[PDB]
Structure formats: structure tokens, C-alpha cells
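Listed next as C-alpha cells: two forms of one protein chain, kept apart as structure 1 and structure 2.
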Structure 1
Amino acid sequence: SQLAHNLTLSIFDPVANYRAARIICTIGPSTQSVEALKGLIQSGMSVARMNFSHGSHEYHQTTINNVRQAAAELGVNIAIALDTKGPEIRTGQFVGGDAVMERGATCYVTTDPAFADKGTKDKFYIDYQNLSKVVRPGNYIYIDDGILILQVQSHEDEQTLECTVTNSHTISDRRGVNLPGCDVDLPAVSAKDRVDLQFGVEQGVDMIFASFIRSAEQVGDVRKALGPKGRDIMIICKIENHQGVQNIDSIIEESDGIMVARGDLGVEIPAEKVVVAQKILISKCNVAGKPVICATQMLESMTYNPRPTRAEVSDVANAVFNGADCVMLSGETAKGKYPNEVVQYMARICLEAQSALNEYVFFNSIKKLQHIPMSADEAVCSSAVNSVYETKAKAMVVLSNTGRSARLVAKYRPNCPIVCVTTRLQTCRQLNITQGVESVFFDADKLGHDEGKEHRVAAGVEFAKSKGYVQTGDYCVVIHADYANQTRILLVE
């Protein structure tokens, strides 16, 4: 049926009148200013990502205010995402400043703090105390973004390892280190993470991109760290290693969403398997009805070039085909030369891919996996999307305050736009990581509570008409679920 859909397609037929997939942009010096951010919003940005691995609270404070200003001036809602620093293993200091590692040379990595400030080419410090327990002779240690690769030969003692330098590379003070294949038992949240998350709650961020998640128990740690005030902030778990992939089922259940970080995964898992892992994680989230983000090596060559490679274009397209809600941009928007052109092009690719995509395969697949009997919530939303296909309805209107109904509806993948009408601006922002949904804020303060709902309903249809999704004579499937639910098949005037 995806096969069958391909036969009817023509590459010369006009694209769809809406883009379902959502674009996340990492903010950096190339895009932090208000006018640069207004550029990105018009280019197709829905979520602004702050990378808390770099820059101070003052720096990310600027981002928060500029993102809020740029959004207000354009009268749109943009989500703010906090990407945590997470746990990190780093080397110590070197005398004096660096150390040049010759290929074939023997060196000693020690876990003893007495060498934290007197590292040399021959012996230097690594700050993770259990390093000796988790690493075995034959294993590899990556240092400085995986540029320096060295192989562990033997245990010199319970604190130091004998290594051989595979790579000629000069390393500086306090470089990050990777332990491919090893079971790292660092805390879920670091001491710095607790501070940054605290800040996130105080500044009212919409979501946390929680780094290096390995088990379900770690998701609770992030929740505890966010505290009672932050109980409504979405936790999106970043899967970065084998543990995260292995524990994916329990992690998905505890998280509000997932991020597939292909680059971090590519460190210790062969790239061919990372492609397959992507399919797995995206499909699992689709069934769960939780947002999924395809992140990392998207249009990276377009950081310095006006156009990407062809293989990169198919990578972005196939992310949509896999069923990803979101596609992410890192250095392309943060430090790149073409921050607007890369977001505009990613939008074009997502829309082109969507035109080829058969949403009915998604609907049918996700429907068949529901056990009988279904519960009310599941039944209503699945049936609503069913009605859309049944009647060739050209829009949907979902009344959801928290965004739960909207996410559940989007889960079943209609072939029409989903308009969500919410009384909460927080929900307008948070739904930006759910594909195929657009938010309309209904001001319950200066417009009333509207228990009759038909003000909120007409507000949704008004939005659908203005965007050109529906006209007179068209069908629109309206749904309000909360379990006080209802489904209306409406004729548009």
C-alpha cells in the first residue's frame, strides 16, 4: 500500500498545502539576535533548542528573551527547549596546556586525582573513577570528539591503564572522553544539571532534552530534579548509547518523548545498525503516541556550503518516511553560514517527502496493534481519524487543554491537518514537537469558559478556513475528549 501509493505518484504534481513534520533549530551566535530569530521563524522553525554544554546562564537568558520577543513580534508560538549538559567524562590538565600524542607511543591513563594538574604525553588523568572497572584490555577510549583513539593494553594497577596511541593528535586541557561499548554508571543528572534544570523551570521552558538517558529510573531522576513547579515540563529523553536502545521500552513509557541522536549512537554502534535503530525508536514512539525527534547529522554540509549533498537530502526525507514527528538542526543554525536557507530547504524536503507518504499505512498499522477492548480515549480518537478517511474530511478540530487529545489524535495519522484549540499557551508551544498539528490559543480570560464548546469549535474551523484547508461543502471531523468526550462530523458553511 505504500508500494501501491508510489505507483500513482507524479513528481510534477503540486506539493501538499501544509507541512506535518516539525523543525527544531539549535540557537547559536549565527542566530541568537532577534532579527536572526525572526528569520528562522519565517523559514519554518517551531522549536528553539539551547545547548547547555556551552554558554553561561546569561547567554541562554539572552536566547530565552530574544526567542520570546521574536515570536511575539510575529504573533506565533515557539517552544523553548533546554538541552542539558548531562554527565561527561573529561581528561585532566596538561603541563603546560597540551600534550602531543605520537602514533604507536605507549601512555598511561590514570584515575588518580593526584595527576589532575600534571598530565603529560606519557601519563595523564581521566576524571571518571570507575574507569578501571568498566574498561577491559582490547577496548578503546576516544578523546577530543573521538579524534584521539587509543587502545587499552593492560591494567598497570587498579587505578591506571596502559594504552597505545592509535592516532597522532595533540590534545588540550580537559578534553571529553568516550568509552565505546562500556556500561557507564554516571548519575542521571549531574550537579550542574540540577542547577540548569532549576533555571529552566524558573524561566518557564517548555521541554527538556535530557542527555545520555540509559534507563527508565533515570527519567524519574530528571522529574525529581525538575521539582513540583516543573511537573508540566516535557521530558524528551536523548538516546545516545546501547543502553538507551536496549532499555527503550521502559524509557519511552517514562518519558514524554524521545530523541534519536545518530551521531552519539554512531560512536559505538556501526552506522548501518544506527539506521536500523532509528527505524525501531521512531516506530516505537509512534505506537506509544509520543513525539520523536530525528537529530544530529541532517544537513551538516550546509553549515559552510550553499547546498547539501544528495545523500543528506535523502537522509532528511527518509526521517519523515520513518515516521518522525521532528527533524533537528544543530551547527547548521547555531554557527552556519546559511541559517535561513537550511531551515527553508529542510521544510521543502519534509513537505516533498510528505507528498509521497501514505498516512493510511500509518493509521492502519497503529490501529491493528490496539487490543480489544480499547478504552474510551483510544476508541474515540482512532474512530475520529477513521471518519476522516471514511468521509474524505479535509480538516480536524481537537479541543484539548493539556494537548493529550491532540497527541492521541495525531498518533493515528490523518491525511488532513489537525487544528488544536487550547486555553493554554504552554500547550500551543509544546505541541510544536507533534507532527501534523497546529495550535489556536483560546483566551479563557477575556472570552469566557465556553462550556458549550461551540465558540472553541468555530474558532478552530475559522482557522481551518483561513489557512484554506476547508471551504463550504467540506467535511470536518470535530472531537472533544477529556471521560467527557464527543465526536461531530460537521458540514462547513
Structure 2
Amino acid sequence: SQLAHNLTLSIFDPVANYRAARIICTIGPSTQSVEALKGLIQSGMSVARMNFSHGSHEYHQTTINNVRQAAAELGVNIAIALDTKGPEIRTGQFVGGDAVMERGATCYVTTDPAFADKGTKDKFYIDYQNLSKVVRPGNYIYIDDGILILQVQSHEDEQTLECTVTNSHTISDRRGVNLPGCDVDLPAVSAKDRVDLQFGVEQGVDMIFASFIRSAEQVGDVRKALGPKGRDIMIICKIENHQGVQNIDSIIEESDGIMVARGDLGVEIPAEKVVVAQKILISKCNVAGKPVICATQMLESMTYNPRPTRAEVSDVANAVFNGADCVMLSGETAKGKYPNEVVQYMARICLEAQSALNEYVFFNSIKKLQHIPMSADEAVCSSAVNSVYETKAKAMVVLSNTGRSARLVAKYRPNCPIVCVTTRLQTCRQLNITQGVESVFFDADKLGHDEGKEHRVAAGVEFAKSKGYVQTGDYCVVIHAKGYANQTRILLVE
């Protein structure tokens, strides 16, 4: 058990010789240059996030080229992620750029576009045309990061709601609105999204962080928008509200992974429930064998302070203990004053937590949830991990061209590094969001097709050896493929 593992631990013992968790850094003006990106990579960045809420295609093109230049100069593979702006609900403009809302006061929110450019404290525009048919009397409208809270009293007409201002807040033009109780039916992907996504396809991005996913069918729209040429791009669904949490089973099934957006979830969901949601979503993904990212409000105070709060450190450690594959930095690296130091600290926290985490509890819990009879692929990968524990093997080598079996092996949480040997550089990059895995590129063009597998196996073994994971006389568990991996070897390291 984890409890039994805790008794045996000492904080003055040396830490693990590898970090399993993976760090996603969002790129901005602090970090867009190749020297800044090289600093990031060396600090621990595995994944570069592009926030398409800001900047233009040219700005992001520069991120892409610079990431690739930085990775090539350091001899590594860094994933590139496109985070979509997504559909939004915003207020319109206000007469005088401003509207002083006062507690107890009554106001009117309109679907009528005529008021888009002349709102006041008394009556203003909201750009979601289905607003009235989705909201009922009693429901709440949150405006400006949920700072202003309105309660709906009644429908004045088909397009207008009578609202009570429940607290004093002064709002400006084009502020973002949230609908806590309501099933927002905005399209999955907007127009900008659809052109961003084709840009991403054209620039060969590795994954999509798809904003505001509330439904399984919405995952299909991101898929269709990515088109036939985008079929190999991973779709990571951002879970940001109650709907997404409620439909999580069907969303996970359709997507390639999940981001837990704690800050966004917290706008309508009490903080203590988001903590629990994080547990649920992470575990569901762990059992599905799909990467899961813990995001927003991670080491936030370290954007301008050289040091985070203790509660922040603890937040990051427990993300790892929950079982997150990935931890993500936002403003801390995009606009922050200490981009290198925040990534380095995050690597240190993850590594410390990993040294305390009992991987076997994960292995055993997930193995118990398998129904007998298992299919071959599932039996092979769980057996391989089992053999790691039984022989105390010190590494795994998995031959996987698409990364699929590498993810299936990682799902079972061996207590040793996984080395994936693959013939696709895109697999190396995409595996950067799966914990416990390091990828080795084997160049089938430069080296042959290695149909017997021996060269790839030696490449993985050699990598493991050069990182000090295995030495002469150690065990290494090898798995390989015809479609999936059906073959296992327990190899004595020479």
C-alpha cells in the first residue's frame, strides 16, 4: 500500500535516477527566443505550449521554428502543442468604456446585437444568442472571471433577462462571462479555431489542447476540423466546467487525453470539489491509459517572486501523487520573470514526489480492474510490468512505432524507466506527455528496417545503459511486435 510505503521512506535518501512526470511550458515573449527555449529544455521542458488565445499566426510560426531550432541544437525532441482559443461568451461595449454595477441594483442583459456598442449599467449586450433559452430564473451569470455575479429574475422578452446585481463590481468592455448551472451549447470549435487547427496541421504540430470540451461529439468536431491530414495529431480535451466533468467517461473514450483546468473549473465549482474532480479525472485517465495533464494555478506566485508558496509546492507534489502524467506552467513561463527557475523547481518537486510514490499500488489497482479474459496486448504489457517487479528489472525497452504500446506499458506504472525505441520522430515528441517514458529514434532510412528487431533492442539497451539505469548483470524487460506487442523478453544486461 501507499501507507506501508510511507513508513519505509527517508527524505535524506537520494532521489530516483529518473523523473517520470513531464513538464509542459507555455511559450510567450519571456521565452520565445531560441536561447530562452534552450534554457527551458535544459531546465526540464518536454512540451512547448502555444496559447492561441493571443498572438497571430506569424508569432506562433516563430515559436514553432524557434522550438525546433532549440531542440535541434540540444539534440532532443520537444513536443509542440496548439492550445485553441475556443468559443467564448463576452459582454459587448459600454457607453464610456465602463459600467458601475451596484449590489441590490437591477439590470438587463440582452441577446439583441443593437446594444453591442452602447451598453450601460442598466442594459447591456451578451454575444451568446441562445442565452435566454439556456438560462432559467434563479440561475447565475458570472462576468469578468466570476467577480461580478448576477442572478436572473425573469425574461423581460425573448432576448432580454431581468437580473439582480448581487455584488458591487465595476466592469469594462468585452469581459468574459460564465454560466455556472447551464449547459452551454456554443459550438465545439469556432471559426478561428478551424483556421488555427488547419494552420497547426500545416505546421505539423504534435497535439491539440482543445478548449472548453463539454461533450463527446465536440471531440469529433475537433477531429473533423483537423481533417484527413491531421489524423495522427493527438487531441487533448480541456475540462473546464461541470458539463465536461459530468460527461468525462464519453470524452475520455473519444479523445487522446485530458487536461484538468483547475482555475477554469473553479469559476463555477467550489474549490474543494475541484480538488476531488482532479482525483476523479486523473484516475479515469490512468485506467484508460490516456495522458492526463494537471494545469493552471501551478506555481503561479513564481511568475514575479523568485520562490513559490509552500501550498503551491504541495499542490504540485499531490498532482503527481494523484497520478498526473504532466504538470503545466502557464504565465510562469509565458510572461514570467523566472522561467528557468520555475521549470527547475517543478522538476525537483516532481522528482521528490516520485521518490515517495509507490508505483506498485498503481500497477496493482489497474491490473485488478482488467476483466478476464484479457486481450493479448493488455496481457503482454501488464505481464511485462509484472516481470519488472518480480525480477527487480532496472529498465524496460519497448519497440513501438506509433507509441501505442509504450503508452500501454506506461499505464501499468513499472518502478523503472521505460525506453521506447521508435522509427518515427513524431512518436518521440508525442510520448513527451506520457510519464516514465524516454524515446530513442531509430532511423530506418539510415539504418535499415531491422525486421528481426535486434538493432532497435540494442539501441534501447544502450540508451538505458548510457543514462546509468542498467549495468552489466542487471535485468531489462523487452517488449515488441503483426500489429501490437505480443512478445516479451527478459534480458540479462551484458
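For residue numbers, the reference is structure 1: its sequence is counted from 1. Rigid core: the largest C-alpha set superposing within 1.5 Å between the two forms.
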query: Selected hinge residue, from 387, 39, 184, 462, for two rigid parts turning between structures 1 and 2; finding: 184
query: Rotation (degrees) of the smaller of two rigid parts between structures 1 and 2, from C-alpha fits; finding: 10
query: Backbone CA shift between structures 1 and 2, residue 106, after core fitting (angstrom); finding: 3.6
query: Core-fitted comparison between structures 1 and 2 - CA shift at residue 170, Å; finding: 4.1
query: Shift in Å of the C-alpha at residue 82 between structures 1 and 2 after core superposition; finding: 0.2
